[PDB]
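Protein chains in written order, with our numbering: chain A, 217 to 654; chain B, 13 to 435; chain C, 71 to 411; chain D, 2 to 55.
Where a beta carbon is used, it is the ideal one built from N, C-alpha and C, also for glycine.
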Amino acid sequence: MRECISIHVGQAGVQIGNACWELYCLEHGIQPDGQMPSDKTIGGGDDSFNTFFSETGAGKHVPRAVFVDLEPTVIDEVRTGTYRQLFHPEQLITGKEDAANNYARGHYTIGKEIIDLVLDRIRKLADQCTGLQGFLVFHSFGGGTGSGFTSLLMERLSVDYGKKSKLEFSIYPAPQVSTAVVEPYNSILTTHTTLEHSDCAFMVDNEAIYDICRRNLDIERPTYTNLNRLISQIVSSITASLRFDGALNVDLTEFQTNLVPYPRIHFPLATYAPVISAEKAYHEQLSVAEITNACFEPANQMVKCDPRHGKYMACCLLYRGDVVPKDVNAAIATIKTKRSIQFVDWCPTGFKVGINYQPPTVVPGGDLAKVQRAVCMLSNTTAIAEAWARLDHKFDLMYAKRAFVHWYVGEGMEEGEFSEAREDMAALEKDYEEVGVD
Amino acid sequence: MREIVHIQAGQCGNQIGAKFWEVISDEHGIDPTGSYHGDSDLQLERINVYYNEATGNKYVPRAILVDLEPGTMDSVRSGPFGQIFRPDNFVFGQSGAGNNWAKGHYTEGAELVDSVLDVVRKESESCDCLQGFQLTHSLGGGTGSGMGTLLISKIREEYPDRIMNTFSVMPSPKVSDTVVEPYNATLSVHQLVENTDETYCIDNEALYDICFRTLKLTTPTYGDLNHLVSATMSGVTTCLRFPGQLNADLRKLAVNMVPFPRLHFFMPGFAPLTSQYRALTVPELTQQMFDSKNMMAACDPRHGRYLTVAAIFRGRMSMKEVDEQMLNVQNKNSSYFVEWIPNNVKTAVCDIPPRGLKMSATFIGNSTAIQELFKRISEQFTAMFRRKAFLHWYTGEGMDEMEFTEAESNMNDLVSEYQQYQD
Amino acid sequence: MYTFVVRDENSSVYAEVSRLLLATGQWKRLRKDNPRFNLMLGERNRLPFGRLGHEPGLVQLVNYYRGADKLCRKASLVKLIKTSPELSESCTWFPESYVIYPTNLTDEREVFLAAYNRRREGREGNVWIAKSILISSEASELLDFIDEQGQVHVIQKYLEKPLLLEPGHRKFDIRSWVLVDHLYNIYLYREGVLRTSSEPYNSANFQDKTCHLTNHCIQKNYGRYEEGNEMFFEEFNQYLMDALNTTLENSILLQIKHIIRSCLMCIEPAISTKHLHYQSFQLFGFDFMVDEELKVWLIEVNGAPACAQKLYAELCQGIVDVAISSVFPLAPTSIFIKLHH
Amino acid sequence: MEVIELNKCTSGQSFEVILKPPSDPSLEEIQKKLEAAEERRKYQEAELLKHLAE
Ligand SMILES: Nc1nc2c(ncn2[C@@H]2O[C@H](COP(=O)(O)OP(=O)(O)OP(=O)(O)O)[C@@H](O)[C@H]2O)c(=O)[nH]1
Ligand SMILES: Nc1ncnc2c1ncn2[C@@H]1O[C@H](COP(=O)(O)OP(=O)(O)CP(=O)(O)O)[C@@H](O)[C@H]1O
Ligand SMILES: Nc1nc2c(ncn2[C@@H]2O[C@H](COP(=O)(O)OP(=O)(O)O)[C@@H](O)[C@H]2O)c(=O)[nH]1
Ligand SMILES: CC(=O)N1CCC(NCCc2ccccc2)CC1
Ligand SMILES: [Ca+2]
Ligand SMILES: [Ca+2]
Ligand SMILES: [Ca+2]
Ligand SMILES: [Mg+2]
Ligand SMILES: [Mg+2]
Ligand SMILES: [Mg+2]
């Protein structure tokens, strides 16, 4: 058994972290007070769920998580919320004034004054780990804290835990649920200084989650609660193999091995189905083929793009529910003859399949409906570079006029880091076209 | 606990500030004696942003009333919500400023400023986390204009990293007290260009035309004009006074509204303005909000381009319909929005509408069309300055022509700056 | 009031389409870099599809199908036919072709020579033609010409027995315009054009490519038999009836409609926008050959074709009706022939 | 279309199907960037205080 520490940075990180740990408890049968009647080894144990939950002598199961936000209002919710008893105060960290959507402010001005503290809190959880694997970091691209402080943390983690893996769950900015005009700046600033420090990063485009909530859940104007309940479902699928007995993606290292043959191309595309509305009178349960076929529809991808016009470097199918291997292969062979799945010549055309028999759990009263079987596909497409292209385009439009640049220079950042970060993106886009274009 | 210290200086500043606190106090459920008698917790949620909490559950505005003559503040303390202001927070002199910027900024104002800073320092020290300061004042007089900018430059020295916002009433010959208003207004604009993060330009000519043409008021008064300023000050600060998401604090609003440091002068807009029981649809709120007639800077936005826009809709409406109409206005007029700032129109919703309105919309625009406001002042300025007319009022207070030339040059540069970005 | 942008100033076709749009008083044109657009008449090369469909509250449309180049490239079309089971290697309406990379650069050199040698022994016509132009019956001349260049080439059979018009004894080819809308209906413009050779066909001299290549530029006896070496379906139809006693629809049109359906229906899963965040339509130009047996062959497919001068009005008006207004309606006797499927 | 490495346990099973074969800065350098940015701010604020004193 090897432990995994979750780090939630900024509002988006903390609130999404709240949704996941809510789901984790409902799945592993851990009540809001931390008690777990099924854990027959009180005060300890080396089980699968122990990779995410520490144990006290009293039998409480404490998440191996740290929450960090430069403004105390979002984490004060956790301190007085349903699951307030899950975490001890050391795990929740907050400042006084935030980064104001200013990467430089979160990285330099405010970050420099709280970086050594967060590390000391992580060090406390690491000491409880007998074989730490790495970290899972949740944050937004657009926020001043999620972008600025995260990248500073990622550098320190590489220095203090150089032998440990790091996975990111990053919220890509969407104008429909965002009001900060400078989020393209922060997105590209944080990707530049964080690139060489991340092993595997799952991007979630808020525009994708937003459209799925309106199209599949019939939420006319979705809220962060709707978005985060859905996001944590995908996160649960991705982290299930670390928390449950199995053989595929058993440790954080396996995520890089199976999804990242090229180090700089470490952004897998996530696709999830089915998303059914709980308010629906009653849905006909979809089959293995129908949900597996749905994995190649852009309308259920975490990032809108067209994989038909890229090349695959790796493809991983993670099923939860009543699924047998026989049906999976029967659907794959049906999709190869219909879909356009081009693999890179230096990669084998194949799929790694994981099946967990326990079907997805749904938060009582949430928006999602109980389904008999669900799948999450993790595919490494060169088509995800479309999202970098969109983001780069907005960056160039503003940087050409130096719009808003004075806010960053005023926080001690040098203008040069802009073009330095942008050039790194031009390099990232050149690697993608070398891989999936003839 | 992100507190804001409010300051109101001079005749116009205190008459408008008084009305402002009268409006929001009613929205937050505070009676004239500072007792809360509301029915919704949303009111008290962010109440500490503008109000302190005294013994006995009392709420006392975090406001400082400043003037060089006692006449106006005596009326406030005798007005409706007069008893609500902290008695110590009244700082006034007896000399007066005689509508003279030099007197407010260099002589009469210098004598009184130190005692005003003692009150600012007292209000800030009690703040768990001071956001910044907001100042209501006119630019055409002496105290609000001359001493107002003196307070800004002195408060900046003591809290250099906080945020400084102003509601600044610009003079117009159509609504004029003295001929020297362009002199004072030009001298102040120079200060504001360098020392504030955000300035809401409130043109008395726009307010006048709206009262006469739209509201059908034959003989507008300062009282009528201050009604529009109240409704607008309430609208533009809704983001700060209630539980919200975008532009929640002063620094965040500034980051999304100010792409270039010197270009921080906004055109406020409010809707509706009825001359009254009929319901106003969401499309109507949007068409009026962006229509020039509803704008209070007296600058036709069709003359320039919007760098950034902040919209706020108050009331129980269709947030889905709000997003539709907003996207509709932008998509139907994308030639008046700079195309090199993606997604520069941000919209916010608030469930608490202003008193007596089912719903309303407040509009915050950073448009290059504001340059025509500074053109009016510059033309009026140079008309007298080329003959050095009325300068003796200022030179007699220790000033020199060179100081006037400098202020004039800085405002013309401000205009040329807006002009280059308009193309 | 819909908005559109123009990113191909050289497109005579969409220059007219843009002209008609503004003439409706319900379409406003924006700067080529304004993202708040409903319609994009995009550039030819490197059209940024990845930025479409990401404007909230905007239904965005574009006049190109991402991936359609697989059909509008000499080398890509050869590889598509040979590898697509729908078209198969035994495709009967496509000339025997091969992908030949120059020696200064998979490749089909040996496979090409195996068939070439088989003809040289079977006394059969062994006249080929390379392009990316040189016609030759010796394989040594074909391969040696591609090496002198530095780009991919394709060697396909040359139709030695082409249908010749009379009087004149002259070669020709057929151009059909095909519009595919956002729903993937395949509409065939009722008006084609035959670009004729004003020179008599001479099969004993491939050095003078004036009677073999029927391009409007090479020919331009220009205009002797028909104005601009361009014959339309009315005259060509009456000719087939007077000479061969058959109609254009029976002898040729059925085959052209079959070829167009096969090609587009094949790549449909690869380029369809039925489930995409943006929508696509595209106008195509199919070029065909006809032999003395009235069998139709597919020459190539053009992704940004121009139109015959006489038909710019009718067709461009048609592009607006079924492709642009079908998505953005305004406030017959169709000129198209819907190829159902 | 081959299946490989089929693992089974009480809580599920995993396998791999192959269709076709193939063909940092130190703690010091960080603390320097941080202090450099803090120094450029101190310089900017000193120029402002100098401007205000004038
Ligand atoms: N999916 C999702 N996105 C969120 C959530 N909260 C904020 N965002 C997105 O994150 C971006 C803003 O970044 P924040 O996380 O709010 O900023 P921050 O990390 O708190 O840093 P500060 O600027 O100091 O407040 C916007 O694009 C939002 O759309 C959330 O709960 N769920
Ligand atoms: N296999 C073949 N056999 C005989 N002639 C052929 C041929 N392929 C092409 N041609 C001749 O060449 C012409 C087509 O040339 P091609 O289309 O490849 O060049 P191009 O693309 O520059 C003109 P366009 O694209 O506008 O049709 C036809 O008019 C035909 O006469
Ligand atoms: N909108 C509005 N403008 C005012 C009011 N009082 C004065 N003004 C304007 O402000 C300028 C006079 O400034 P004033 O406030 O009297 O100067 P001060 O007392 O020295 O600060 C003139 O341009 C007036 O038009 C008022 O109550 N409302
Ligand atoms: C960029 C720009 O326009 N600036 C002018 C506004 C400045 N901030 C406000 C300063 C202040 C603080 C307290 C009291 C009064 C004034 C920053 C630089
Ligand atoms: Ca245990
Ligand atoms: Ca590393
Ligand atoms: Ca005195
Ligand atoms: Mg935050
Ligand atoms: Mg006065
Ligand atoms: Mg061609």
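Exercise for the section: Could you list the residues in the segment 151-167 of chain B with a C-beta less than 9 Å from some C-beta on chain D, going in chain order? Expected result: Taking 9 Å as the Cβ-Cβ cut-off, the segment 151-167 of chain B approaches chain D at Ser-165, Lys-166, given in chain order.
Handout entry: Residue burial classification, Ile-203 of chain C (beta-carbon count within 10 angstroms, cutoff 16)
Key = One-based indexing of the third sequence puts residue 203 of chain C at position 133. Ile-203 of chain C is exposed by the Cβ-count criterion.
Problem - Residues bridged to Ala-590 of chain A [DSSP beta-bridge criterion] - result: Here residue 590 of chain A refers to the residue found at position 374 of the first sequence. Note: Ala-590 of chain A sits in a beta bridge opposite A:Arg-536.
Handout entry: Contact set between the segment 407-431 of chain A and chain D, restricted to residues whose Cβ is under 9 Å from the partner
Key = Within the segment 407-431 of chain A, the residues whose Cβ lies closer than 9 Å to any Cβ of chain D are, in chain order, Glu-412, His-413.
Exercise for the section: Determine the contact status of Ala-281 of chain A and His-224 of chain A, defining contact as a CB-CB distance below 8 Å. Expected result: The residue you call residue 281 of chain A lines up with position 65 of the first sequence. The residue you call residue 224 of chain A lines up with position 8 of the first sequence. A contact, by the Cβ cut-off of 8 Å.
Exercise for the section: Please confirm whether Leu-141 of chain C and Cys-333 of chain C have their CB atoms less than 8 Å apart. Expected result: Reading the third sequence from its first residue, position 71 is the one you call residue 141 of chain C. Reading the third sequence from its first residue, position 263 is the one you call residue 333 of chain C. In contact: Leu-141 of chain C and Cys-333 of chain C (Cβ atoms closer than 8 Å).
Exercise for the section: Using the Cα positions of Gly-262 of chain C and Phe-406 of chain C, report the straight-line distance between them to the nearest angstrom. Expected result: Against the third sequence, residue 262 of chain C aligns to sequence position 192. Against the third sequence, residue 406 of chain C aligns to sequence position 336. So the alpha carbons of these two residues sit roughly 11 Å apart.
Practice task
Could you check the C-alpha separation between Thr-320 of chain B and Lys-51 of chain D for me, to the nearest Å?
Solution key: Residue 320 of chain B sits at position 308 when you count from the first residue of the second sequence. Residue 51 of chain D sits at position 50 when you count from the first residue of the fourth sequence. Answer to the nearest angstrom: the Cα atoms are 33 Å apart.
Practice task
Would you kindly check if the distance between the Cβ of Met-518 of chain A and the Cβ of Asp-421 of chain A is under 8 Å?
Solution key: Taking the first residue of the first sequence as 1, we reach residue 421 of chain A at position 205. Taking the first residue of the first sequence as 1, we reach residue 518 of chain A at position 302. Here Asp-421 of chain A is near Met-518 of chain A, since their CB atoms are less than 8 Å apart.
Exercise for the section: Count the other C-beta atoms from every protein chain shown that fall within 10 angstroms of the C-beta of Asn-187 of chain C, then say buried if there are 16 or more, exposed otherwise. Expected result: On the third sequence, position 117 is the one that residue 187 of chain C refers to. It is exposed - the Cβ of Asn-187 of chain C has fewer than 16 other Cβ atoms within 10 Å.
Handout entry: Where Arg-606 of chain A meets chain C, residues with beta-carbon distance less than 7 Å
Key = Within the first sequence, numbered from 1, the residue matching residue 606 of chain A stands at position 390. Per Cβ cutoff of 7 Å: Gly-120, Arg-121, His-124.
Problem - Identified DSSP bridge partners for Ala-323 of chain B - result: For the purposes of this step, residue 323 of chain B is taken as residue 311 along the second sequence, with counting starting at 1. According to DSSP, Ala-323 of chain B bridges with B:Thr-359, B:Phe-375.
Problem - Three-pair Cβ contact test at 8 Å for the segment 271-282 of chain C versus the segment 388-401 of chain C - result: no
Exercise for the section: Could you check how far apart the C-beta atoms of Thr-257 of chain A and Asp-285 of chain A are, in whole angstroms? I think they sit under 8 Å. Expected result: In the first sequence, counting from the first residue as 1, residue 257 of chain A sits at position 41. In the first sequence, counting from the first residue as 1, residue 285 of chain A sits at position 69. 34 Å between Cβ atoms; not a contact.
Practice task
Would you mind telling me which residues of chain B sit closer than 9 Å to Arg-459 of chain A, beta carbon to beta carbon, in chain order?
Solution key: Stepping through the first sequence from its first residue, residue 459 of chain A is reached at position 243. Neighbours of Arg-459 of chain A on chain B: none; closest Cβ ~32 Å, over 9 Å.
Exercise for the section: Could you say which of B:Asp-100, B:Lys-115, B:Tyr-118 lies nearest to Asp-130 of chain B if we only look at CA atoms? Expected result: If you number the second sequence from 1, residue 130 of chain B lands on position 118. When each option's Cα is compared against that of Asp-130 of chain B, the closest is B:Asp-100.
Handout entry: Touch test, the segment 363-374 of chain A against the segment 425-432 of chain A, Cβ-Cβ under 8 Å, three pairs minimum
Key = no
Practice task
Under 9 Å between beta-carbons, which chain C residues line up against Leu-369 of chain B? List them in chain order, please.
Solution key: Stepping through the second sequence from its first residue, residue 369 of chain B is reached at position 357. Correct list: empty, because the minimum Cβ distance to chain C is about 26 Å.
Practice task
Confirm the yes/no value for this check: CB of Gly-260 of chain A, any heavy atom of ligand 5, distance under 7 Å.
Solution key: Locating residue 260 of chain A in the first sequence gives position 44, counting from the first residue. Yes, ligand 5 has a heavy atom inside 7 Å of this Cβ.
Practice task
Output the distance between the C-alpha atoms of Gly-570 of chain A and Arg-218 of chain A, rounded to the nearest integer angstrom.
Solution key: Taking the first residue of the first sequence as 1, we reach residue 570 of chain A at position 354. Taking the first residue of the first sequence as 1, we reach residue 218 of chain A at position 2. Cα to Cα, the separation comes out at about 20 Å.
Exercise for the section: Check whether the Cβ of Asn-422 of chain B sits closer than 7 Å to any heavy atom of ligand 4, and report yes or no. Expected result: Indexing the second sequence from 1 puts residue 422 of chain B at position 410. Every heavy atom of ligand 4 is 7 Å or more from the Cβ of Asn-422 of chain B, so no.
Exercise for the section: Could you list the residues in the segment 345-375 of chain A with a C-beta less than 7 Å from some C-beta on chain B, going in chain order? Expected result: none
Exercise for the section: With 9 Å as the limit, tell me which residues of the segment 448-476 of chain A have their beta carbon closer than that to any beta carbon of chain D; keep them in chain order. Expected result: Residues passing the 9 Å Cβ filter: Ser-457, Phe-460, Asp-461, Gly-462, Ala-463, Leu-464, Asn-465.
Handout entry: DSSP bridge partner residues for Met-110 of chain C (one or two, in chain order)
Key = As a first step, residue 110 of chain C is located in the third sequence; it is residue number 40 there, counting from the start. Beta-bridge pairing links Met-110 of chain C to C:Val-75, C:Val-132.
Problem - Residue burial classification, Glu-391 of chain B (beta-carbon count within 10 angstroms, cutoff 16) - result: For the purposes of this step, residue 391 of chain B is identified with residue 379 of the second sequence, where counting begins at 1. Answer is exposed; the Cβ neighbour count stays below 16.
Problem - Residues of its chain near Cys-377 of chain C, where Cβ-Cβ distance is below 8 Å and the 5 sequence neighbours each way are ignored - result: Your numbering for residue 377 of chain C matches position 307 in the third sequence. Correct list, in chain order: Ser-82, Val-83, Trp-247, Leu-385, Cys-386.
Problem - Contact list for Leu-100 of chain C against chain B, beta-carbon separation under 9 Å - result: In the third sequence, counting from the first residue as 1, residue 100 of chain C sits at position 30. Ordered by position in chain B, the residues that pass the 9 Å Cβ test against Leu-100 of chain C are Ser-346, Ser-347, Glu-351.
Handout entry: Cβ-Cβ distance between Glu-86 of chain C and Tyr-382 of chain C below 8 Å
Key = Along the third sequence, one-based indexing puts residue 86 of chain C at 16. Along the third sequence, one-based indexing puts residue 382 of chain C at 312. The Cβ atoms of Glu-86 of chain C and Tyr-382 of chain C lie closer than 8 Å to each other.
Practice task
For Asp-103 of chain C, go through chain B and note every residue whose CB falls closer than 9 Å to its CB, in chain order.
Solution key: For this step, residue 103 of chain C is matched to residue 33 along the third sequence. Near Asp-103 of chain C (Cβ distances below 9 Å), the residues of chain B are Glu-351, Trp-352.
Handout entry: Those runs of the beta strand (DSSP E) which lie wholly inside the segment 194-245 of chain C and span at least 3 residues
Key = 198-201, 204-206, 223-227
Exercise for the section: Kindly say whether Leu-20 of chain D, judged by its beta-carbon, lies nearer than 8 Å to any beta-carbon of chain A. Expected result: Position 19 of the fourth sequence holds residue 20 of chain D. Residue contact with chain A for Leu-20 of chain D: present (Cβ-Cβ distance below 8 Å to some residue of chain A).
Problem - Beta-carbon proximity list for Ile-199 of chain C, same chain, < 6 Å, skipping 5 on both sides - result: As a first step, residue 199 of chain C is located in the third sequence; it is residue number 129 there, counting from the start. Cβ neighbours of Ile-199 of chain C beyond the five flanking positions: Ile-205, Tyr-228.
Handout entry: Residues of the segment 612-636 of chain A with Cβ closer than 7 Å to any Cβ of chain B, in chain order
Key = The residues in question are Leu-613, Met-614, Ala-616, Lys-617, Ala-619, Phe-620, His-622, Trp-623.
Handout entry: Cβ contact (3+ pairs, closer than 8 Å) linking the segment 378-393 of chain B and the segment 640-654 of chain A
Key = no
Exercise for the section: Would you tell me roughly how many angstroms separate the C-alpha atoms of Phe-358 of chain C and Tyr-648 of chain A, rounded to the nearest one? Expected result: The sequence position of residue 358 of chain C within the third sequence is 288, counting from 1. The sequence position of residue 648 of chain A within the first sequence is 432, counting from 1. Cα to Cα, the separation comes out at about 38 Å.
Problem - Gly-156 of chain B: CB within 7 Å of a non-hydrogen atom of ligand 3 - result: Numbered from 1 along the second sequence, position 144 holds the residue referred to as residue 156 of chain B. At least one heavy atom of ligand 3 is nearer than 7 Å to the Cβ of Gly-156 of chain B, so yes.
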